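entry-v6.tsv follows; it contains TSV, C-alpha atoms and all ligand atoms.
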chain	number	residue	atom	x	y	z
A	4	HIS	CA	-14.38	-14.77	7.20
A	5	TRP	CA	-11.37	-12.58	7.90
A	6	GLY	CA	-11.75	-8.86	8.55
A	7	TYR	CA	-10.53	-6.08	10.82
A	8	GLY	CA	-12.89	-6.35	13.81
A	9	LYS	CA	-12.43	-7.75	17.24
A	10	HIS	CA	-13.43	-11.32	16.37
A	11	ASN	CA	-11.94	-11.74	12.86
A	12	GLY	CA	-9.20	-9.10	12.75
A	13	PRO	CA	-5.48	-9.35	12.12
A	14	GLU	CA	-4.67	-10.94	15.44
A	15	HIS	CA	-6.84	-13.91	14.37
A	16	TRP	CA	-5.67	-14.35	10.78
A	17	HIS	CA	-2.99	-16.91	11.67
A	18	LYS	CA	-5.66	-19.50	12.52
A	19	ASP	CA	-6.67	-19.96	8.88
A	20	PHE	CA	-3.47	-18.48	7.33
A	21	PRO	CA	-0.45	-19.84	9.25
A	22	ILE	CA	1.97	-17.85	7.03
A	23	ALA	CA	0.73	-14.86	9.09
A	24	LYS	CA	3.57	-15.89	11.47
A	25	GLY	CA	6.05	-16.34	8.61
A	26	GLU	CA	9.59	-15.07	8.07
A	27	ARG	CA	8.79	-12.22	5.70
A	28	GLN	CA	5.52	-10.62	6.87
A	29	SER	CA	4.40	-7.04	6.27
A	30	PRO	CA	3.94	-4.30	7.28
A	31	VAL	CA	6.90	-3.47	9.55
A	32	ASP	CA	8.07	-0.58	11.68
A	33	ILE	CA	10.81	1.29	9.85
A	34	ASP	CA	13.37	2.15	12.49
A	35	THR	CA	15.27	4.78	10.63
A	36	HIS	CA	18.55	4.52	12.68
A	37	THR	CA	18.71	0.71	12.35
A	38	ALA	CA	18.01	0.78	8.61
A	39	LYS	CA	21.12	0.48	6.50
A	40	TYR	CA	21.96	3.11	3.91
A	41	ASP	CA	23.02	1.23	0.76
A	42	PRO	CA	24.85	3.60	-1.62
A	43	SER	CA	24.44	1.05	-4.40
A	44	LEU	CA	20.62	1.22	-4.35
A	45	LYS	CA	19.50	2.59	-7.68
A	46	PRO	CA	16.95	5.33	-8.31
A	47	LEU	CA	13.32	4.38	-8.84
A	48	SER	CA	11.88	4.82	-12.33
A	49	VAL	CA	8.14	5.55	-12.14
A	50	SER	CA	6.69	5.64	-15.71
A	51	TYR	CA	3.03	6.51	-15.26
A	52	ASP	CA	2.47	8.90	-18.21
A	53	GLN	CA	0.26	6.34	-20.03
A	54	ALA	CA	-1.61	4.97	-17.01
A	55	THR	CA	-5.18	3.97	-17.87
A	56	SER	CA	-7.54	3.74	-14.91
A	57	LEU	CA	-10.80	1.80	-15.41
A	58	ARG	CA	-12.97	1.28	-12.32
A	59	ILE	CA	-13.11	1.90	-8.62
A	60	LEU	CA	-14.55	-0.77	-6.36
A	61	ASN	CA	-15.35	-1.49	-2.71
A	62	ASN	CA	-14.16	-5.06	-2.09
A	63	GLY	CA	-15.24	-5.23	1.54
A	64	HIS	CA	-11.76	-4.52	2.91
A	65	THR	CA	-10.61	-1.40	1.02
A	66	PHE	CA	-11.37	0.38	-2.21
A	67	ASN	CA	-9.30	-0.34	-5.29
A	68	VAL	CA	-8.66	1.72	-8.40
A	69	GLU	CA	-8.02	-0.79	-11.19
A	70	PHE	CA	-5.82	-0.12	-14.19
A	71	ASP	CA	-5.47	-1.59	-17.68
A	72	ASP	CA	-2.35	-3.75	-17.22
A	73	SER	CA	-2.52	-5.38	-20.69
A	74	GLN	CA	0.65	-3.54	-21.87
A	75	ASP	CA	3.52	-1.53	-20.26
A	76	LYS	CA	1.27	1.55	-19.83
A	77	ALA	CA	2.26	2.34	-16.29
A	78	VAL	CA	5.34	0.66	-14.92
A	79	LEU	CA	7.74	0.73	-12.03
A	80	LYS	CA	11.40	-0.16	-12.51
A	81	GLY	CA	14.72	0.51	-10.84
A	82	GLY	CA	15.49	0.62	-7.23
A	83	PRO	CA	15.87	-2.92	-5.91
A	84	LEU	CA	13.88	-4.37	-8.82
A	85	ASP	CA	15.01	-6.40	-11.82
A	86	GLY	CA	13.02	-5.82	-15.00
A	87	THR	CA	9.64	-4.15	-15.32
A	88	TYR	CA	6.62	-4.22	-12.99
A	89	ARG	CA	3.19	-3.24	-14.30
A	90	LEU	CA	0.71	-1.20	-12.26
A	91	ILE	CA	-2.53	-3.16	-11.76
A	92	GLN	CA	-4.33	-1.36	-8.91
A	93	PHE	CA	-3.91	1.01	-6.03
A	94	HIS	CA	-5.75	1.04	-2.74
A	95	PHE	CA	-5.53	2.67	0.67
A	96	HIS	CA	-5.48	1.79	4.35
A	97	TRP	CA	-6.79	4.34	6.86
A	98	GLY	CA	-7.87	4.90	10.40
A	99	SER	CA	-10.93	5.66	12.50
A	100	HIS	CA	-9.19	8.95	13.37
A	101	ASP	CA	-6.33	11.02	11.99
A	102	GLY	CA	-3.78	9.62	14.45
A	103	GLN	CA	-3.62	6.17	12.83
A	104	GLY	CA	-4.31	4.35	9.60
A	105	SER	CA	-0.95	3.52	8.04
A	106	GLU	CA	0.34	-0.03	7.81
A	107	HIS	CA	4.04	0.78	7.93
A	108	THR	CA	5.18	3.02	10.77
A	109	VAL	CA	8.30	5.20	10.89
A	110	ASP	CA	10.04	5.18	14.29
A	111	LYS	CA	6.66	3.97	15.63
A	112	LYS	CA	4.81	6.94	14.12
A	113	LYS	CA	1.47	6.11	12.46
A	114	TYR	CA	0.23	8.24	9.57
A	115	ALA	CA	-3.45	8.94	8.81
A	116	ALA	CA	-3.44	6.63	5.79
A	117	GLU	CA	-1.16	4.73	3.43
A	118	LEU	CA	-1.44	4.33	-0.35
A	119	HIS	CA	-0.31	1.05	-1.94
A	120	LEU	CA	0.42	1.08	-5.68
A	121	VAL	CA	0.50	-2.60	-6.61
A	122	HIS	CA	2.64	-3.81	-9.53
A	123	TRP	CA	3.41	-7.25	-10.89
A	124	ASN	CA	6.63	-8.47	-12.44
A	125	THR	CA	6.30	-8.91	-16.21
A	127	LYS	CA	8.76	-11.81	-15.90
A	128	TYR	CA	5.73	-13.85	-14.89
A	129	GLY	CA	3.26	-12.96	-17.51
A	130	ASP	CA	0.17	-12.05	-15.34
A	131	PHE	CA	-0.71	-11.08	-11.79
A	132	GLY	CA	-1.98	-14.48	-10.80
A	133	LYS	CA	1.30	-16.17	-11.72
A	134	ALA	CA	3.36	-13.37	-10.19
A	135	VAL	CA	1.68	-13.52	-6.77
A	136	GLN	CA	2.98	-17.11	-6.37
A	137	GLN	CA	6.61	-15.98	-6.69
A	138	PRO	CA	8.98	-14.31	-4.19
A	139	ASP	CA	9.87	-11.58	-6.70
A	140	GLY	CA	6.36	-11.37	-8.08
A	141	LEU	CA	5.05	-8.05	-6.83
A	142	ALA	CA	6.43	-4.60	-6.09
A	143	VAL	CA	4.29	-2.38	-3.88
A	144	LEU	CA	5.08	1.31	-3.71
A	145	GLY	CA	3.90	2.55	-0.30
A	146	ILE	CA	3.22	6.24	0.27
A	147	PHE	CA	2.20	7.77	3.57
A	148	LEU	CA	-0.65	10.26	3.84
A	149	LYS	CA	0.10	12.87	6.45
A	150	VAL	CA	-2.91	14.86	7.65
A	151	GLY	CA	-2.68	18.61	6.78
A	152	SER	CA	-3.66	20.67	3.69
A	153	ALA	CA	-5.98	19.31	1.01
A	154	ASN	CA	-4.41	17.37	-1.81
A	155	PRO	CA	-5.79	17.98	-5.34
A	156	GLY	CA	-4.28	14.68	-6.48
A	157	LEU	CA	-6.69	12.81	-4.22
A	158	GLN	CA	-9.78	14.86	-4.96
A	159	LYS	CA	-11.09	12.87	-7.99
A	160	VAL	CA	-10.90	9.77	-5.81
A	161	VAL	CA	-12.72	11.40	-2.91
A	162	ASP	CA	-15.38	12.75	-5.21
A	163	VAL	CA	-16.51	9.28	-6.38
A	164	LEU	CA	-16.50	7.42	-3.05
A	165	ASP	CA	-20.17	8.16	-2.40
A	166	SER	CA	-20.93	5.79	-5.32
A	167	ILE	CA	-19.22	2.77	-3.71
A	168	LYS	CA	-20.32	2.91	-0.07
A	169	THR	CA	-20.95	-0.83	0.44
A	170	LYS	CA	-19.17	-4.09	-0.37
A	171	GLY	CA	-19.42	-5.13	-3.97
A	172	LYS	CA	-20.24	-1.72	-5.42
A	173	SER	CA	-18.15	-0.38	-8.28
A	174	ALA	CA	-18.10	2.62	-10.59
A	175	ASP	CA	-16.33	3.90	-13.71
A	176	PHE	CA	-13.14	5.74	-12.93
A	177	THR	CA	-11.28	6.75	-16.12
A	178	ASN	CA	-8.45	9.23	-16.89
A	179	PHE	CA	-7.11	9.31	-13.31
A	180	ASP	CA	-3.45	10.34	-13.21
A	181	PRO	CA	-1.59	8.46	-10.43
A	182	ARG	CA	1.41	10.80	-10.87
A	183	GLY	CA	-0.60	13.24	-8.74
A	184	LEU	CA	-0.23	10.86	-5.77
A	185	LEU	CA	3.59	10.90	-5.78
A	186	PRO	CA	5.76	13.09	-3.53
A	187	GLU	CA	8.57	15.19	-5.04
A	188	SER	CA	11.34	12.95	-3.69
A	189	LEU	CA	11.54	9.29	-4.64
A	190	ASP	CA	13.99	8.32	-1.95
A	191	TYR	CA	12.88	5.10	-0.31
A	192	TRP	CA	13.29	2.26	2.12
A	193	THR	CA	13.03	-1.33	0.82
A	194	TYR	CA	12.70	-4.82	2.24
A	195	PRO	CA	11.25	-8.20	1.20
A	196	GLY	CA	7.78	-8.86	2.58
A	197	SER	CA	4.20	-9.91	2.07
A	198	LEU	CA	0.68	-9.06	1.14
A	199	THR	CA	-0.85	-7.28	4.13
A	200	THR	CA	-4.19	-9.14	3.86
A	201	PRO	CA	-4.95	-12.88	3.64
A	202	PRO	CA	-3.55	-14.95	2.07
A	203	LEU	CA	-0.47	-12.99	3.31
A	204	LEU	CA	1.82	-14.45	0.62
A	205	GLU	CA	5.50	-13.53	0.78
A	206	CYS	CA	5.74	-12.22	-2.77
A	207	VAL	CA	6.38	-8.50	-2.36
A	208	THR	CA	9.38	-6.25	-2.75
A	209	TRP	CA	8.26	-3.32	-0.58
A	210	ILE	CA	9.36	0.16	-1.60
A	211	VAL	CA	8.22	2.73	0.98
A	212	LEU	CA	8.77	6.38	0.11
A	213	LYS	CA	10.30	8.54	2.84
A	214	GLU	CA	8.33	11.66	1.88
A	215	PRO	CA	4.58	11.60	2.69
A	216	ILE	CA	1.85	13.24	0.65
A	217	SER	CA	-0.74	15.47	2.27
A	218	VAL	CA	-4.38	14.78	2.88
A	219	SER	CA	-6.94	16.96	4.62
A	220	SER	CA	-9.13	15.80	7.48
A	221	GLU	CA	-12.14	16.43	5.24
A	222	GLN	CA	-10.68	14.19	2.51
A	223	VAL	CA	-9.82	11.25	4.78
A	224	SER	CA	-13.27	11.57	6.43
A	225	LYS	CA	-14.76	10.62	3.06
A	226	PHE	CA	-12.82	7.36	3.16
A	227	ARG	CA	-14.48	6.65	6.51
A	228	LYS	CA	-17.98	6.92	4.94
A	229	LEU	CA	-17.32	3.64	3.15
A	230	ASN	CA	-18.57	0.45	4.80
A	231	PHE	CA	-17.17	-3.05	5.14
A	232	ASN	CA	-20.65	-4.58	4.93
A	233	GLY	CA	-22.87	-5.24	1.98
A	234	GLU	CA	-26.09	-3.31	1.45
A	235	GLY	CA	-28.71	-4.52	3.95
A	236	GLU	CA	-26.29	-5.87	6.53
A	237	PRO	CA	-25.76	-3.99	9.78
A	238	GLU	CA	-23.57	-0.95	9.20
A	239	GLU	CA	-19.85	-1.50	9.85
A	240	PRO	CA	-17.88	1.60	8.85
A	241	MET	CA	-14.73	0.87	6.82
A	242	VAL	CA	-12.14	2.26	9.25
A	243	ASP	CA	-8.97	0.85	10.75
A	244	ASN	CA	-8.44	-1.47	7.77
A	245	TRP	CA	-4.71	-1.74	8.56
A	246	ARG	CA	-2.63	-4.66	9.74
A	247	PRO	CA	-0.32	-4.10	12.74
A	248	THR	CA	3.42	-4.14	12.18
A	249	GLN	CA	5.16	-7.50	12.15
A	250	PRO	CA	8.65	-8.51	13.28
A	251	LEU	CA	11.52	-8.06	10.85
A	252	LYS	CA	13.07	-11.40	11.89
A	253	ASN	CA	16.06	-12.15	9.60
A	254	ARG	CA	15.57	-9.11	7.39
A	255	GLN	CA	17.23	-5.71	7.24
A	256	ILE	CA	15.56	-2.63	5.86
A	257	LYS	CA	17.75	-0.80	3.40
A	258	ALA	CA	17.62	2.94	2.73
A	259	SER	CA	18.39	4.55	-0.63
A	260	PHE	CA	19.36	7.77	1.17
A	261	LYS	CA	20.86	9.18	4.40
A	262	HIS	CA	17.98	10.05	6.78
A	263	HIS	CA	20.08	11.20	9.79
A	264	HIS	CA	23.02	13.36	8.87
A	265	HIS	CA	24.82	12.71	12.16
A	266	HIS	CA	25.18	9.02	11.23
A	267	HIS	CA	27.15	9.84	8.09
A	301	ZN	ZN	-2.45	-2.48	0.94
Taking this structure as input, can you express it in the form of structure tokens?
Ligand SMILES: [Zn+2]
Amino acid sequence: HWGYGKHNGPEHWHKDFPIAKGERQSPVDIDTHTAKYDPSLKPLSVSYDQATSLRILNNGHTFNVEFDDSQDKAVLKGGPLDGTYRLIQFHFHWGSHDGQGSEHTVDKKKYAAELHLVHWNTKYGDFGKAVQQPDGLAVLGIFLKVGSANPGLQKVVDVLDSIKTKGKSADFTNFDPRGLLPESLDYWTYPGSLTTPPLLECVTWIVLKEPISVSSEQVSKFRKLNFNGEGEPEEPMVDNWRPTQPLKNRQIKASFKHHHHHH
């Protein structure tokens, strides 16, 4: 079965999932000089006031916070997107140490972790239909930059001890995902994929340029989770990130001017 280790990790996934070598794979390195500022890119509209979190779970590859996506409670619109995308879950990727953990990189810089807020296009009626479509998902990616403690992450950190091994889950209600957003919503965007098998090319990626903070103590609690199930040999859940993939025939667009000397 696929994983993140030496024998079953990302460099092996193509054997069972040939789309791993596809045209539109994620994550990518965001080369900020090469990216194209598009002055027509519209602002994002993050409407999370009515978000309803339900459960937190260790799925053996990350932990997910699941939301009630039965109505337009928490939605993402705008930017490169047509219509409305409903928030279904968020999860993180992180490292064995503070110097790595993100999936996207920025000018080859790795952050300590990356948050993925996963939304599906209401055009398609449910997640399972949406994931089969090229415009099915929108993932909002947010970097976690190691530094001062982040109160917005603390309710998450404080429940992780309850989900240490694969298959465990816990109640997780009234969590406000607005607390995980940076002040600026300027972004890069490109068409890409799920970053785990089956690696489907169904995602409009929206990566925020401004990171959020996380302390070393907070991210260390992520590293206390385990990939394995209870009773199997201990395999700490660390380095659950896929390496960057080639852009190929894509161009990353920026909603903003990152380098003033280029404009
Ligand atoms: Zn992810």
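Of the listed residues A:83, A:151, A:202, A:145, the one whose atoms come nearest to residue A:186 is A:145, with distances taken using all atoms listed in the file.
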message: Given the point (-9.7, 1.7, 12.1) in the file's coordinates, find the residues that have an atom at most 9 Å from it, counting only C-alpha atoms, and give them as a ChimeraX atom specification.
response: /A:7-8,96-100,103-104,227,240-245
Collect all residues with atoms no farther than 9 Å from ligand ZN 301 (chain A), counting only C-alpha atoms and all ligand atoms, and output them as a compact mmCIF listing (two decimals) with C-alpha atoms, keeping the file's coordinate frame.
# COMPACT_ATOMS: atom_id res chain seq x y z
CA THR A 65 -10.61 -1.40 1.02
CA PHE A 93 -3.91 1.01 -6.03
CA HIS A 94 -5.75 1.04 -2.74
CA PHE A 95 -5.53 2.67 0.67
CA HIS A 96 -5.48 1.79 4.35
CA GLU A 106 0.34 -0.03 7.81
CA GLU A 117 -1.16 4.73 3.43
CA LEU A 118 -1.44 4.33 -0.35
CA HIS A 119 -0.31 1.05 -1.94
CA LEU A 120 0.42 1.08 -5.68
CA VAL A 121 0.50 -2.60 -6.61
CA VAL A 143 4.29 -2.38 -3.88
CA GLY A 145 3.90 2.55 -0.30
CA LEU A 198 0.68 -9.06 1.14
CA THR A 199 -0.85 -7.28 4.13
CA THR A 200 -4.19 -9.14 3.86
CA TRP A 245 -4.71 -1.74 8.56
- request: Compute the distance from (18.8, 1.2, 8.3) to each atom, counting all atoms listed in the file, keep the residues with any atom at most 8 Å away, and return them as a ChimeraX atom specification; use the coordinates of the file.
  value: /A:34-40,255-258
Same residues, C-alpha atoms, output as an mmCIF file, in the frame of the given file:
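Dumped to selection_33.cif:
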data_model
loop_
_atom_site.group_PDB
_atom_site.id
_atom_site.type_symbol
_atom_site.label_atom_id
_atom_site.label_comp_id
_atom_site.auth_asym_id
_atom_site.auth_seq_id
_atom_site.Cartn_x
_atom_site.Cartn_y
_atom_site.Cartn_z
ATOM 1 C CA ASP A 34 13.370 2.150 12.490
ATOM 2 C CA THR A 35 15.270 4.780 10.630
ATOM 3 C CA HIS A 36 18.550 4.520 12.680
ATOM 4 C CA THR A 37 18.710 0.710 12.350
ATOM 5 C CA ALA A 38 18.010 0.780 8.610
ATOM 6 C CA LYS A 39 21.120 0.480 6.500
ATOM 7 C CA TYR A 40 21.960 3.110 3.910
ATOM 8 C CA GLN A 255 17.230 -5.710 7.240
ATOM 9 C CA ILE A 256 15.560 -2.630 5.860
ATOM 10 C CA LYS A 257 17.750 -0.800 3.400
ATOM 11 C CA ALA A 258 17.620 2.940 2.730
#
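Separating atom CA of residue A:73 from atom CA of residue A:179 is a distance of 17.1 Å.
With all atoms listed in the file as the atoms that count, the minimum distance from residue A:192 to the choices A:259, A:137, A:232, A:53 is reached by A:259.
Atom CA of residue A:33 lies 17.2 Å from atom CA of residue A:264.
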